[PDB]
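For this chain, numbers begin at 1 and follow the sequence in order. Below, all heavy atoms of this structure are taken into account, side chains as well, without hydrogens, waters or symmetry copies.
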Amino acid sequence: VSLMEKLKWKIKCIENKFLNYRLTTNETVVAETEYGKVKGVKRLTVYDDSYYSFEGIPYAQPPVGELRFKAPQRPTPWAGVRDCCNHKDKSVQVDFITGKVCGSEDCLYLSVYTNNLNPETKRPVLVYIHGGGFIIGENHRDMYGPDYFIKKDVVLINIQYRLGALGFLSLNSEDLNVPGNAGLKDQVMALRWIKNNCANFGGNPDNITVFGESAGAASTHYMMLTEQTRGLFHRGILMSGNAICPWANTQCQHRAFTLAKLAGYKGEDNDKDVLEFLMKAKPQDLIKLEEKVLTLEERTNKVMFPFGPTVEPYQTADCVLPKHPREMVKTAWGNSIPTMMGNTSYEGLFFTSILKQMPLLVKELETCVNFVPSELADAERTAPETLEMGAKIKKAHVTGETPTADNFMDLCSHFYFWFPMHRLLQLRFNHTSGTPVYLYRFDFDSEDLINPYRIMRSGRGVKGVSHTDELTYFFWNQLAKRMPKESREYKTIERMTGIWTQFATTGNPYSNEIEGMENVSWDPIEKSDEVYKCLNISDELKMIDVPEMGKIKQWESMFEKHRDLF
Ligand SMILES: *B(O)c1ccc(C)c(OCc2ccccc2)c1
C-alpha cells in the first residue's frame with residue numbers, strides 16, 4: 001500500500017481515536033452475564049443518535065500457551081464488575097495497510113450494542129461475523145461500527161474469532177488434539193454465549209439472526225451446517241459467500257510442516273515435533289510467514305489461503321466439520337430456518353489490485369483450465385476433458401478473441417461467488433423442510449461514502465459494485481462521514497438496515513415500511529424454478545431475474561458427465 005494511503009490511514013486513525021473520545025459519554029451502565037457483571041458506556045453517532053456499548057466481553061479463555069491451536073475453553077467467571085468500556089485487540093494478522101503484523105493472541109471477545117437496555121419488548125438479536133478470508137478482520141468500531149443498526153430497535157453483536165494459522169492449523173495425529181477449525185469453534189462458543197446472555201441486554205433468545213459477509217458468510221453457513229449449533233438461532237444471512245465456495249475450505253494438514261520450516265524448524269516431518277516448535281514460536285513470526293506457505297502449484301490451482309476451515313481428520317467433543325460441507329448440507333439443521341443470500345453486481349472487481357501486480361493472470365483465460373472446479377480438473381490441467389470444461393468457462397466470460405482484465409474479473413464473480421451459491425441452493429433443495437430462501441443482488445454504486453476495503457482493492461475512482469462495497473451501508477467505519485438525510489447513500493443505509501432488521505424480526509425481508517419497496521413482490525426461490533428471482537438493490541428496488549443466470553448454467557454444464565459431484 002502506498003505511502004500516501006499509509007499516511008492517509010494513520011491520520012484517519014488519529015481522527016478515529018479523537019472522534020471516539022468525543023462520542024463517548026459519562027453514562028456508564030452495568031449488565032449481568034452468566035460469568036459476572038460487565039460495565040458498558042453510552043456512545044453517540046454522527047447522526048446524533050446514541051447506543052449502549054459493551055466491548056471486550058470474553059466468551060472463552062485467552063487461547064495462549066498450551067491453548068494455542070486448541071479448541072476454545074469456557075472463560076473464568078469473576079466477582080465484581082468487569083470493565084467493558086473499551087475494545088480488546090484483534091486476532092493476530094497482517095495489517096493490509098501497513099504491511100506489519102498487528103493484533104494479539106488474546107482476541108476472543110465480542111461486543112454488544114443497543115439503543116435501549118430496558119426495551120418494552122424482547123428484541124431481535126443480530127450477530128455479525130466479519131470476513132477477511134479467515135486471515136484478517138476485527139470487531140473494532142473503526143471498521144464495523146453499529147451506528148447505523150442502532151437506529152433500529154434491535155440488539156447487535158459483533159464477534160471476533162481466531163484467524164490464520166493460529167485459528168486453523170490442523171494436524172492428523174489424534175494424540176495432539178489439533179484437529180483444525182479452532183476459529184470456527186471460537187464462533188460456536190460465542191454463539192452459545194449469545195444464546196445464554198442476550199436477554200440481559202434486551203435481546204430475545206428465541207429470535208437470533210446470524211449474518212456475515214465473505215468469510216463471515218462462509219462462517220455463518222458453517223454455523224448453520226454444524227450440529228454443534230443446532231437450534232441456537234433462527235435466521236441466517238449469507239452475504240457474498242457460503243461454505244462451498246472454493247476459497248472457504250482447504251485440506252491443510254500437510255502445510256503445518258511447511259510453516260514450521262519457514263520459521264526455522266530443524267528436524268523431521270512429524271506432527272508432534274512440528275506442533276512443539278509451532279507452540280513456542282512468536283505468533284507474529286508465524287502469521288507473517290503465512291503468505292509464503294502455499295506452493296506455486298497450489299496457487300495455480302486457485303488455493304487462496306494456506307490455512308482455513310478444514311474437514312477434521314478425526315472426531316472430538318468440539319468437532320465442527322466432520323465431513324465436507326457438501327455432505328454436511330444433507331443433514332444440516334440450518335437448512336430449516338429462514339435464509340437470505342446475495343451477492344454484489346460486480347463481485348470480481350475486488351481482484352483489481354491483484355491483477356495489477358500479476359497481469360499475466362489474464363492469460364489464464366486463454367483456455368480457462370485453471371478455473372475449472374478442482375474436483376473435476378486433472379492435476380496438470382492438461383487432460384482433454386479439462387480443456388473441454390475450460391472451454392465452457394471461456395465461452396461464458398471471454399467476449400473478444402483475446403481475454404481482457406474485465407473478462408477475468410467477471411469470471412471471478414462466478415468462480416468465487418455466484419456458482420458456489422447455485423450449487424448450494426440446488427443441494428439444499430434436496431434436504432429441506434421447506435423454509436424459504438430469499439435472494440438479493442446489491443447493485444448500488446457510489447464513491448461519496450466508502451469503506452477501507454476500497455483502499456485494499458485499489459478501487460478509488462473505479463466503477464461497479466465490488467465484493468464488500470455493501471458493508472458501507474451497514475456499518476460505520478473511520479472513512480465514513482455524516483451524509484445528508486436526502487442523499488441516495490443515506491437512503492441506501494436506511495434500506496439495507498431496514499431490510500436486514502425486517503428479515504431478522506420476521507424471517508421475511510419484505511416490508512411496506514421500507515422506501516422504494518412499494519411495488520416489490522419478493523418471493524423466495526423454489527426447487528422448481530429454472531430461473532432465480534432476486535431483489536436488485538439499486539437507486540430503485542426492483543425484482544428481476546438474476547442477470548448472472550445464463551453464466552451460472554454454463555458453469556453447471558461442466559458437470560454434465562459428473563452429476564454426482566455437482
Ligand atoms: B472474504 O472474506 C474474501 C474473499 C476473497 C478474497 C480474495 C479475500 O481476501 C481478503 C484478503 C486478501 C489479501 C490480504 C488479506 C486479506 C477475502
Side-chain angles (χ1 to χ4, degrees), residues 33-35 57-77 91 105-110 127 129 134 159-198 205 208 210 218-233 236 243 248-253 255-256 271-272 274-276 278-279 307-335 337:
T33 84
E34 58 190 354
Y35 298 85
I57 303 169
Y59 62 79
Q61 296 260 31
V64 301
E66 285 302 280
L67 290 179
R68 184 187 280 181
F69 300 132
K70 312 303 191 315
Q73 292 294 324
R74 277 202 202 86
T76 68
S91 178
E105 284 194 281
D106 180 7
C107 65
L108 299 190
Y109 299 88
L110 52 81
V127 182
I129 309 180
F134 302 100
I159 71 166
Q160 286 181 168
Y161 57 93
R162 281 173 283 171
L163 306 172
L166 293 178
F168 293 95
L169 203 79
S170 176
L171 297 171
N172 282 322
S173 150
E174 176 161 6
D175 304 291
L176 301 170
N177 206 28
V178 187
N181 300 335
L184 289 179
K185 287 157 193 193
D186 293 338
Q187 300 178 8
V188 167
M189 189 160 288
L191 282 184
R192 279 168 191 168
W193 183 98
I194 287 167
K195 176 76 155 187
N196 295 340
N197 290 273
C198 61
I208 299 158
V210 178
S219 297
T220 296
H221 191 205
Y222 287 124
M223 297 301 102
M224 297 168 68
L225 290 179
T226 185
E227 284 285 311
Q228 296 284 358
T229 52
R230 194 155 213 159
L232 274 181
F233 54 99
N249 57 84
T250 186
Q251 296 308 109
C252 52
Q253 284 73 25
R255 305 195 179 115
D271 283 352
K272 180 159 106 69
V274 164
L275 186 58
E276 281 173 22
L278 293 179
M279 292 294 287
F307 304 101
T310 197
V311 179
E312 305 177 47
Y314 57 89
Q315 211 155 350
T316 50
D318 314 88
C319 178
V320 173
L321 307 187
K323 317 186 76 182
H324 278 276
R326 280 171 46 79
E327 302 299 317
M328 305 199 49
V329 172
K330 269 80 164 197
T331 41
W333 72 266
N335 287 359
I337 67 175

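In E66, the CD atom is not crowded: 12 or fewer heavy atoms of neighbouring residues, nucleotides or ligands sit closer than 6.0 Å. When the shell of 6.0 Å around NZ of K330 is examined, it contains more than 12 heavy atoms from other residues, nucleotides or ligands.
Side-chain contact between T316 and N177: present, with at least one pair of heavy atoms (C-beta onward) separated by less than 4.5 Å.
In this structure, CG in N181 is found 9.5 Å from CD in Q187, a value given to the nearest 0.5 Å. Between atom CD1 of residue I57 and atom CG of residue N197 there is a gap of 8.0 Å, rounded to the nearest 0.5 Å. From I159, atom CD1 reaches atom CD1 of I129 across 4.5 Å, with rounding to the nearest 0.5 Å.
Closest of all the heavy-atom pairs between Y59 and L110 is CD2-CD2, 3.9 Å. The shortest non-hydrogen separation linking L225 to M328 is O-CE, 3.7 Å. Looking at every heavy atom in both residues, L67 comes nearest to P62 through CD1-O, 3.7 Å.
Not one N or O on the side chain of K195 forms a donor-acceptor pair closer than 3.5 Å with the backbone of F233. At least one donor-acceptor pair under 3.5 Å links the side chain of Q251 to the backbone N or O of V311. Remark: the backbone N or O of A60 is not paired with any side-chain donor or acceptor of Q73 at under 3.5 angstrom. For the pair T250 (side chain) and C252 (backbone), a donor-acceptor distance under 3.5 Å is absent. Judged by distance alone, the side chain of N249 and the main-chain N or O of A243 form a donor-acceptor pair under 3.5 Å. Without hydrogens or angle criteria, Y161 side chain to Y109 main chain gives no donor-acceptor distance under 3.5 Å.
By the 30° and 60° cut-offs, the orientation of the rings of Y222 relative to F134 is tilted.
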Margin query: Run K185 and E312 through salt bridge (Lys or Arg N to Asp or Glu O under 4.0 Å) and show every step you take.
Written below: CA-CA 12 Å; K185 287 157 193 193; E312 305 177 47; 2.8 Å; yes
Check: Could you walk me through whether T220 and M224 pass the side-chain contact (heavy atoms from CB on, under 4.5 Å) check?
Finding: CA-CA 6 Å; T220 296; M224 297 168 68; 4.1 Å; yes
Item checked: Stepwise side-chain contact (heavy atoms from CB on, under 4.5 Å) test for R68 and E105 -> CA-CA 8 Å; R68 184 187 280 181; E105 284 194 281; 2.8 Å; yes
Please table the atom pairs, donor to acceptor, closer than 3.5 Å between any side-chain atom in residues 162-176 and protein atoms at least two apart or in another chain.
unit_1 : atom_1 : unit_2 : atom_2 : d
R162   : NE     : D186   : OD1    : 3.4
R162   : NE     : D186   : OD2    : 2.9
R162   : NH1    : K70    : O      : 3.1
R162   : NH2    : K70    : O      : 2.9
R162   : NH2    : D186   : OD1    : 2.8
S170   : OG     : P179   : O      : 2.7
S170   : OG     : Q253   : NE2    : 2.8

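Using modelled atom types and a 3.5 Å distance limit, the side chains of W333 and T226 yield no donor-acceptor pair. Looking only at atom types and distance, the side chain of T229 has no donor-acceptor partner in the side chain of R192 under 3.5 Å away. For the 3.5 Å distance criterion, the side chains of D318 and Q228 fail to qualify, holding no donor opposite an acceptor.
Legend: residues meeting side-chain hydrogen bond (donor to acceptor under 3.5 Å, both in side chains) with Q315, ordered by chain and number and at least two apart, are absent.
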